[PDB]
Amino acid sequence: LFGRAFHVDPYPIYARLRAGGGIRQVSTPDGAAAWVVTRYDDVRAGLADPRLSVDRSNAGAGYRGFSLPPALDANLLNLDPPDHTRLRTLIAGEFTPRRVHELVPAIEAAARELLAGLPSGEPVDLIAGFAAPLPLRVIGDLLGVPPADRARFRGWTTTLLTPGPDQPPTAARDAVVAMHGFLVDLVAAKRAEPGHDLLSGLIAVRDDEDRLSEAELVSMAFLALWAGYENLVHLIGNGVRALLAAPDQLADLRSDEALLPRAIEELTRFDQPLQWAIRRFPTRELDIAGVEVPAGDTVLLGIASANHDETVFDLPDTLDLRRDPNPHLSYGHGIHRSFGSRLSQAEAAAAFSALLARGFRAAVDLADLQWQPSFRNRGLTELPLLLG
């Protein structure tokens, strides 16, 4: 079900769930239950449905904390309107497409520099050597991390969000405490000595005396770390593996540089890491996929399953970099849709462009690759490569 087969490849299980009607109540060995929703139409409608809340105040007695919001305290992903509308409007005033555009030259140079620090003709781990350092560098720039704090930031972000498979189970918990204090301290530093980063701009943001609070700023930083590092690291890793697993697609991409933007969207649809949206709670009894779901029940909308729905995408379990249209739901839909669609697309393009220019091949048999044991975030433990 949601064990070894699911961790190695979840899409055959998603196919069974869609074939079974697209909604099922699943239970842990301890009796915690949630509804998994797996068909594109229901996942898309669910994501935006105003009757599906992210606020735990609307959860019922059976709530056990599936697919939690990626931050402590009030944040965009645990609030409904009107409180959500305020935060979104405030943050959108500085998290702008122009900000992302102006970061692209630095992102592209960082990708070239990181890959250039990796030797050729020698097994190298793409994750620790490239796919993790690049987003970590970008999110550090975005949050204005000073150079003296980059080492501690890297260590705690990695322990928090990309743990080793044999990391002590308490280390990531401790990293929550460590990073909360780091982020509180970082906000204080920017409050005193402002720069041109997002955190500084967010502190300056004002709506007729309305401002963002310390807790709101720190919570937003946690959200940025989750999606700007954990999601992006494995978007790159899973994308490279998918390219290596489909040589003909790789050869087409290598022959047509203009294919890259559409190729990244297919790579995202094919194996982006996020399997479920943030848990949702019907504020009323709601018909989902033909089942009347009780108010307050936990509902998991299967983004990854939807991206492989055969009723939308032809041959959905095959990589087709020229797939068109490609209405993948990887960045959400509705009021909570991702702030980072473009940023992710820019970091992915920089990462794949540098890899394509350097040359790369698997250093191991792909069947010997190991996947991290997660329910929500699909990613590789390591990906040994040979660089040109």
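Throughout, we count residues from 1 along the sequence that is shown.
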Higher-scoring stretch by recorded Cα B factor average, 149-157 or 197-205: 197-205
Of the two stretches 13-21 and 371-379, which shows the higher Cα B-factor on average in the entry? 371-379
Considering only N75, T283, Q272, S120, which residue's Cα atom bears the greatest B-factor as recorded? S120
Listed options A246, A132, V299, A111: highest C-alpha B factor recorded at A246
What third of its chain's C-alpha B-factors does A32 belong to: lowest, middle or highest? middle
When the deposited Cα B-factors of this chain's modelled residues are ordered and cut into thirds, is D80 in the lowest, the middle or the highest one? lowest
What third of the chain, by the recorded C-alpha B-factor, contains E230? middle
Please rank the C-alpha B-factors of the chain's modelled residues and tell me whether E292 sits in the lowest, middle or highest third. lowest
Sorting the chain's modelled residues by C-alpha B-factor, tell me whether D324 ends up in the lowest, middle or highest third. highest
